[PDB]
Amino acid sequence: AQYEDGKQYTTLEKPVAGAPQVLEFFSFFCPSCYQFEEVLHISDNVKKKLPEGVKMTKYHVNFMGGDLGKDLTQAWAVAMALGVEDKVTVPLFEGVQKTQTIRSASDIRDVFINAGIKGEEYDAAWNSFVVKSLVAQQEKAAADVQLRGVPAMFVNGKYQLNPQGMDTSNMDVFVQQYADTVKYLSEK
């Protein structure tokens, strides 16, 4: 019809049971991810279009940035545990891609402290088993969908967005087209 499998989205051959309603994967080393978040604001626009109740989950991946990539997945787990995602997302993206000042786990820590998190609070969470649990969950979710690239978004553990079938001349129209597709899929 208007929304076609293979055009705006693709259907998973092996559906994932018990998957979050809307699952987004990204990496702070991922260029398009920087665009999606910083310039396009995909997540926020998708969120403002979702039905009442429907929860959105964002996970970081290990396959980019090698050593630092894994440090960032752990740092994201810390951000989730402390509920400070909205405070560190921008500084982390800019630190890795814009100023290129993030080079070790120590630099990641500086970002949280600069954002207002106390050192002892950060260190406690960083070493917590609650955080290790969150890291495992992130890895497990990527494994379930056989993730090979980011950014990526899955709806109801069955459909995956395909931004290739969309016009990019006007950013605003692209964002709404993307948001509308997620909405459509979440009711399907």
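One rule holds for the numbers: they count along the sequence shown, beginning at 1.
Trainee: Give the stretch, out of 49-57 and 32-40, with the larger mean C-alpha temperature factor in the deposited entry.
Mentor: The stretch with the larger average C-alpha B-factor is 49-57.
Trainee: With reference to the PDB entry, specify whether the mean Cα temperature factor is higher for 170-178 or for 9-17.
Mentor: The stretch with the larger average C-alpha B-factor is 9-17.
Trainee: So if I compare the CA B-factors in the entry for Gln138, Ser128, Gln146, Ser27, which one is the largest?
Mentor: Going by the entry's C-alpha B-factors, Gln146 comes out highest.
Trainee: Given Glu94, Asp71, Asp86, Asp107, identify the residue with the highest C-alpha B factor in the PDB entry.
Mentor: Max CA B-factor in the entry, restricted to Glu94, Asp71, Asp86, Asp107: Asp86.
Trainee: Lowest, middle or highest third: which one holds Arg103 when the chain's residues are ordered by CA B-factor from the entry?
Mentor: According to the entry, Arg103 has a C-alpha B-factor in the chain's middle third.
Trainee: Can you tell me whether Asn156 has a C-alpha B-factor in the lowest, middle or highest third compared with the other modelled residues of the same chain?
Mentor: Answer is highest: the recorded C-alpha B-factor places it there.
Trainee: Quick check on the deposited entry: does the C-alpha B-factor of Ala81 sit in the lowest, middle or highest third of its chain?
Mentor: As the PDB entry reports it, the C-alpha B-factor of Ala81 lands in the middle third of its chain.
Trainee: What third of its chain's C-alpha B-factors does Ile113 belong to: lowest, middle or highest?
Mentor: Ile113: CA B-factor falls in the middle third of its chain.
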